[PDB]
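Enquirer: sequence first, structure after; it's an experimental one.
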Amino acid sequence: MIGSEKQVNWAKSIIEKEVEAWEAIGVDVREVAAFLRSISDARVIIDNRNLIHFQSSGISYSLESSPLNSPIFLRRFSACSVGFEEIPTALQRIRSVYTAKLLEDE
């Protein structure tokens, strides 16, 4: 970790917040949480703080965008991350499984 110590602590709180949003919004995503936790650069979270902002209540819209499946965003995290190459795959399953529930409920 490079930077002020207080910054690191602040960044950690951001990660926890993001984790709760992902689990609560649609479904529990352990892999997603691991990615944020694996972040070794605190400054990265702050810079991407606006990116992790919560969008409209319409989760369907957010799912379509799938920011986590962005090659550009993911590129920056290429230097440091965990399961990043497998992140897009796991996420696809989430949208895939989420819609499955809808079909089941008629």
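Expert: That came in fine, so what should we check first? Residues are numbered from 1 along each chain as shown.

Enquirer: C-alpha only now, for contacts and for neighbours.
Expert: OK.

Enquirer: what ranges does this structure have for its strands?
Expert: For the chain, strands defined by DSSP state E do not occur.

Enquirer: contacts for the lengthiest helix in the chain next, please.
Expert: If you go by DSSP state H, the chain has its longest helix at helix 5-25. Residues outside helix 5-25 that contact it (CA atoms under 8 Å, 6 or more residues apart in numbering) are 1, 28-29, 32-33, 36-37, 42-43, 45-46, 49, 52, 59.

Enquirer: so which of those sit within helices?
Expert: 32, 33, 36, 37, 42, 43, 45, 46, 59.

Enquirer: tell me how many other residues surround the second one.
Expert: The tally of other residues near residue 33 (other CA atoms under 10 Å) stands at 17.

Enquirer: quick one: contacts for the residue nearest the centre of the chain?
Expert: The centroid of the chain falls nearest to residue 32 when counting by CA atoms, centre = their mean (5.3 Å). Contacts for residue 32 were tallied using CA under 8 Å, 6+ apart; they are 19, 22, 87.

Enquirer: by neighbours, which of the residues you listed wins?
Expert: Busiest of the contacts of residue 32 [other CA under 10 Å] is residue 19, holding 20 neighbours.
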